[PDB]
Trainee: 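Here it is, the structure in full.
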Protein chains: 2
Amino acid sequence: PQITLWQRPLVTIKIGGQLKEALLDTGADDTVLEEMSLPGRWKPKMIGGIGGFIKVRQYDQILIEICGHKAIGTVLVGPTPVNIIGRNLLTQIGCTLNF
Amino acid sequence: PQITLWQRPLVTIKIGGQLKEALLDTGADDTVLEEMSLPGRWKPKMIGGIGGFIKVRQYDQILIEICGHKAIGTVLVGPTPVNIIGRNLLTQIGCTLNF
Ligand SMILES: O=C(N[C@H]1c2ccccc2C[C@H]1O)[C@H](CCc1ccccc1)[C@@H](O)[C@H](O)[C@@H](CCc1ccccc1)C(=O)N[C@H]1c2ccccc2C[C@H]1O
């Protein structure tokens, strides 16, 4: 699909059998979701944004469906203000910026 | 042009006769640039992202060139680690997300 930017590019994603809303963010290197439970062990990671850094839990090889597109990659979990789909997953679904 | 997301989507912008590098960020509501001098009156504003909030100076009706495309809009200036071109200006150049 083609998404304009007059409003936030929010889409529905499916993870752990649940539907959630997430932001398609080309300015995010990684994908970070709000506190939730995921399977397996996690590794520590620090990510920095415009206001500073936050500690997040990194889970690998996680299945996530974005607008019907299945992706499997690294997902970070932590105190993010909203669910963010970053470049690591955007590339998997073949998302590009056009103008 | 078409921009893939294997790397950060950085482009050259022209503002105040100065050339700079900035991130095309669909996850950013506004446009924020590192500390610089701009003409006119400004208003204080607080913007939040990953890490928390930062205080910036808001300037309206600023002209900016993004990849040869002219755009007019509100520009925020503050302690951002990277120059960010947000949705308020991406819409003006006809930028869309496609997959
Ligand atoms: O921090 C970022 N990337 C980092 C990131 C994010 C997730 C995972 C990893 C990493 C690493 C970085 O790339 C970039 C900036 C570039 C940047 C790159 C590198 C270093 C520092 C900054 C950014 O797109 C953020 O992902 C979004 C998150 C979405 C959000 C929406 C609404 C309220 C709060 C948050 C954000 O903070 N948005 C807000 C914003 C930004 C600028 C001006 C105004 C406003 C208002 C908000 O909309």
Side-chain angles (χ1 to χ4, degrees), chain A residues 3 5-11 13 20-36 42-60 62 64 66 71 73-92 95 97, chain B residues 3 5-11 13 15 20-36 43-60 62 64 66 73-91 95 97:
Chain A
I3 300 174
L5 306 169
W6 303 94
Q7 61 186 304
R8 290 182 173 174
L10 296 167
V11 298
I13 63 172
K20 294 179 171 293
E21 289 198 303
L23 180 70
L24 299 186
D25 193 342
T26 63
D29 302 325
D30 311 305
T31 293
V32 188
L33 306 175
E34 299 170 54
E35 186 54 54
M36 72 177 289
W42 57 278
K43 293 183 177 182
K45 182 170 186 178
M46 291 280 280
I47 56 173
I50 198 168
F53 299 67
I54 59 170
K55 292 181 59 62
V56 299
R57 312 200 303 286
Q58 178 183 315
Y59 295 78
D60 298 317
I62 299 297
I64 178 177
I66 306 163
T74 299
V75 175
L76 305 176
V77 177
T80 175
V82 295
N83 295 311
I84 300 161
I85 301 305
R87 293 190 301 101
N88 72 309
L89 293 192
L90 294 178
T91 55
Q92 274 197 37
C95 184
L97 274 174
Chain B
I3 304 176
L5 301 174
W6 298 112
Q7 299 86 54
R8 291 188 170 184
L10 301 168
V11 297
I13 66 167
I15 177 173
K20 296 182 180 293
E21 187 172 60
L23 182 64
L24 301 182
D25 192 342
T26 60
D29 298 323
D30 313 296
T31 291
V32 56
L33 306 174
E34 61 193 312
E35 272 302 327
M36 67 177 287
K43 292 172 59 181
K45 186 177 185 186
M46 211 71 92
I47 56 175
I50 274 61
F53 289 75
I54 58 169
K55 180 178 179 176
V56 299
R57 293 181 300 157
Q58 175 191 313
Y59 293 83
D60 300 307
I62 297 300
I64 299 187
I66 308 172
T74 292
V75 173
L76 311 176
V77 171
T80 180
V82 54
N83 294 309
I84 303 165
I85 293 303
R87 294 192 298 99
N88 73 303
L89 294 179
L90 290 172
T91 58
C95 188
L97 225 34

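Just so it is clear: chains get the letters A, B, ... in the order the sequence lines come, proteins before strands, and each one is counted from 1. Note that ligands are numbered from 1 as they come in the structure, with each ligand's atoms numbered from 1 the same way.
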Trainee: Give every pair formed by an N or O atom of ligand 1 and a protein N or O atom closer than 3.5 Å, one pair per line with both atom names and the distance to 0.1 Å, or write none.
Mentor:
unit_1   : atom_1 : unit_2 : atom_2 : d
ligand 1 : 3 (N)  : A/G27  : O      : 3.0
ligand 1 : 13 (O) : A/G27  : O      : 3.2
ligand 1 : 13 (O) : A/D29  : N      : 3.2
ligand 1 : 13 (O) : A/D29  : OD2    : 3.2
ligand 1 : 24 (O) : A/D25  : OD1    : 3.1
ligand 1 : 24 (O) : A/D25  : OD2    : 3.0
ligand 1 : 24 (O) : B/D25  : OD1    : 2.8
ligand 1 : 24 (O) : B/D25  : OD2    : 2.6
ligand 1 : 26 (O) : A/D25  : OD2    : 2.6
ligand 1 : 38 (N) : B/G27  : O      : 3.2
ligand 1 : 48 (O) : B/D29  : N      : 3.3
ligand 1 : 48 (O) : B/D29  : OD2    : 3.1

Trainee: Taking A/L90 as the fixed residue, which of A/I85, A/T31, A/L97 is the one that meets the side chain to side chain contact (heavy atoms under 4.5 Å, CB included) rule?
Mentor: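 In the set A/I85, A/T31, A/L97, the residue that makes a side chain to side chain contact (heavy atoms under 4.5 Å, CB included) with A/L90 is A/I85.
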Trainee: Should A/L76 and A/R57 count as side-chain neighbours, where that means a heavy-atom distance under 4.5 Å?
Mentor: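 No, their side chains stay 4.5 Å or more apart.
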Trainee: Got a list of side-chain donor-acceptor pairs under 3.5 Å for residues 44-54 of chain B, not counting sequence neighbours?
Mentor:
unit_1 : atom_1 : unit_2 : atom_2 : d
B/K45  : NZ     : B/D30  : OD2    : 3.4

Trainee: Supply the atom-to-atom distance A/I3 CD1 to B/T26 OG1, rounded to the nearest 0.5 angstrom.
Mentor: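 Output value for this atom pair is 9.0 Å.
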Trainee: Listed by chain and number, what are the side chain to side chain donor-acceptor pair (under 3.5 Å) partners of A/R8, not counting sequence neighbours?
Mentor: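 Side chain to side chain donor-acceptor pair (under 3.5 Å) list for A/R8, sorted by chain: B/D29.
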Trainee: Excluding sequence neighbours, so at least two apart, what forms salt bridge (charged side-chain N to carboxylate O under 4.0 Å, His left out) with B/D60?
Mentor: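 Listed in chain order: nothing, the list is empty.
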